[PDB]
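Given as structure tokens, the chain that follows is alone and in the form deposited in one PDB entry.
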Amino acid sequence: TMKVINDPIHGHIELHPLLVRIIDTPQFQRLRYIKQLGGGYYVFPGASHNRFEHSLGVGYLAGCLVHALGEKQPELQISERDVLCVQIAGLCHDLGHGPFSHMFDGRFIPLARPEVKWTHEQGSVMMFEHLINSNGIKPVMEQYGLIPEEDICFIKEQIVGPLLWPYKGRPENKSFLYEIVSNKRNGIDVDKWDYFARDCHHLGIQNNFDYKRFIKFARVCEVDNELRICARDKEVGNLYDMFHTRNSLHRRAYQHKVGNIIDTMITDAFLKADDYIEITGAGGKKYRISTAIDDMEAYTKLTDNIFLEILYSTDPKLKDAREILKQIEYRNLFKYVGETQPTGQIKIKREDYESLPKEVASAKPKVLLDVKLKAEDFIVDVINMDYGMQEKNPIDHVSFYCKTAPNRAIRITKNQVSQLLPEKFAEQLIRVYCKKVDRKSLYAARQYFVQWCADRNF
């Protein structure tokens, strides 16, 4: 029967029985042990939430948006099958996160296995197939009027994108159903609204966006030659404010210096613990931490528990990882030497990060200081802040309609809106750290840094 669950952000959420069936599996319950912000919990003590309630909220908001669209415009022909499919896609959009969320697929996997390209959405697709095939959900889907052959492909396409009309789950007269959970065109979707609200509730920061007002004024118009979701022409300021809010959140919380350095130390400890911790998969077959993304049964057992397993270990071979984690526990962190002024002109590419410590080390300080450092004594971290679409104005890809003619989409240029808006939509900065605590090493490193920054006009 129908079930109810109490959320501190959205209130009482109502769950269809098929969703209840999907939620009560080990593959979904694994998310109770993966934290939303990873290493930000060691700076903001209120951020102890996990991916489980975030996924519930995303599913609920997707259902709400589809219901509002269907009520407002009966000619779109939204059925309940589509509502269930969209809700399921919103529920399982993040099944593929690893320990400490973004740490795993942002810092560890690239360093541990540089020859593969892996993102947590591909893992989400893999884990969704594993869940469905392992927990016998196929007849249950058949029981409520779904056609699995089509609906599973539709859900997969909603989660990861196409696997002229490139999609296969739904025909070209249902294009607006692909913008609800994940919007790869302009980046407006219920996922952002959810984590905005939740991280602002937990971190203790105040929020700006009102997504209920946005849902009130949302409509489906025939843009170009395919149906899309359009906003009222007077919501442009609110859209710009939403993107400003996202930028402020990133700057204040998700790119904190100490949180990033703690993530760096955790990644280093996990790199040292690799080749010594073991995970068992399908058929009594053994796997590594880095190679566990090849077998889903072994991946099902990879959570934040590895941190405490390493910390409380006694094996002689995990000594160095234990040392790094104990260093974290005493608050003996790598220190901060200095940052670089933001600049959108000169760009450091993804293949060039492995040389920056060498550049910093191989400088010639003008003053005479004895203590000299090596290239292994520096960590360089580079932060990219934009509006989500690689220095393109995302509002340029949004359609609007006027009250007089609600069935006609139009475009709004930035100059028409205001003159106090930002002029560019991306930048980059560089941070330098030192792994020596001596009161003289922090002076030598700063002298080294003021000679490498004032060398290339950074």
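Superpose the two forms; the largest set of C-alphas matching within 1.5 Å is the rigid core. Residues carry their position along the shown sequence, with the first being 1.
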Among the other compared PDB entries, is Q419 dropped in a third or more? yes
Mind giving me a quick count class for deposited residues absent from the model between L163 and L164? Options are none, 1 to 3, 4 to 9, 10 or more. 4 to 9
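The discussion below concerns the form deposited in another entry, not included here.
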Hey, after the core superposition between the shown form and the other one, which of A361, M141, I261, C200 has the C-alpha moving 2 angstroms or more? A361
Does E71 show a Cα shift reaching 2 Å between the shown form and the other one after rigid-core superposition? no
After the core is overlaid between the shown form and the other one, has the C-alpha of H93 moved by 2 angstroms or more? yes
Under a superposition restricted to the rigid core, does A231 display a Cα displacement of 2 angstroms or more between the shown form and the other one? yes
Are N260 and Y353 closer or farther apart at the Cα level in the other entry than shown, by 3 Å or more? farther
Considering a change of 3 Å or more, are the Cα atoms of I348 and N260 closer or farther in the other entry than here? farther
